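Below you will find one chain, with nothing else, as structure tokens; this is the form deposited without its partner chain, and questions on how it binds or moves follow later.
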């Protein structure tokens, strides 16, 4: 069943993205870009931080075991 990810930006703004467990980190970034815009959140610039790691694009989201009740921090470089 779909998983909910709660994201936090450097400006302390929060928002949620729903995805399937087999969809990758790359798909999460694409969803973020749709929600937050290409101007400030282009896919290629996004760095996602969770559990002391920088999340890798081709990993299925399930493999990071992300709890809906924590935050994934989204930074842009």
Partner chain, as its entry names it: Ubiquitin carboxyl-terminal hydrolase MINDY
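Positions refer to the first chain, counted from 1.
What comes next is about the form deposited with its partner chain bound, which is not displayed.
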property: 4.5 Å heavy atom contact, residue 27 and its partner chain in the bound PDB entry; result: no
property: Contact test in the bound PDB entry: residue 18 vs its partner chain, heavy atoms, 4.5 Å; result: no
property: 4.5 Å heavy atom contact, residue 4 to its partner chain in the bound PDB entry; result: no
property: Its partner chain contact at residue 34 in the bound PDB entry, heavy atom, 4.5 Å; result: no
property: Residues from 15-34 in contact with its partner chain (non-hydrogen atom within 4.5 Å) in the bound PDB entry; result: none
